[PDB]
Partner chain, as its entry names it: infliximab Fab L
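Taking the form solved without its partner chain, here's one chain by itself in structure tokens.
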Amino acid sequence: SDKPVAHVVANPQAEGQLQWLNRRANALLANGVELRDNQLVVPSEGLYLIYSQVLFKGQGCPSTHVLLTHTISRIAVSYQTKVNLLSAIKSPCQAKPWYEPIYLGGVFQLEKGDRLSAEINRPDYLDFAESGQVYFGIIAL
């Protein structure tokens, strides 16, 4: 004990970005995890549960189809290795509103100093109507 954990939420006031915040109520950084250049920094080696959710919302279907992506990536200290951990793609269009959440999660072996990022392609479709709809977090097992 005690286990490194983090749960960061998107800043709804940050236009055209997916900006992670830990300095708002119901968001945290604990036992060594850090938020640096919009990335979570792993404090110690071990098995981590990495999780993320983004809610996309559009107002109808415009010309052809829109692609929505959400990716979690890991940049390591050794060899500055840039690996891609979890990724998902969605085509919401096939004027009434649509809602498309993207979930990303898994158990990974991480090392001290690994920097994890949770990114999207279209921040214009990001939904911040209410709180708790878009978050990113890691839990040490």
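Think of the rigid core as the biggest set of C-alphas that the two forms share within 1.5 Å after superposition. Shifts are known only where both forms have a C-alpha. Positions refer to the first chain, counted from 1.
We do not show the form solved in complex with its partner chain, though everything after this point is about it.
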Residues of 50-88 having any heavy atom within 4.5 Å of its partner chain in the deposited bound form, listed in sequence order = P62, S63, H65, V66, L67, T69
Moved residue between the shown form and the other one - picked from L85, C61, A88, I75, where its Cα shifts 2 angstroms or more relative to the rigid core = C61
ask   = What parts move between the shown form and the other one when you lay the two on the core: runs of 3+ residues, each CA off by 2 Å or more?
value = 59-65, 95-97
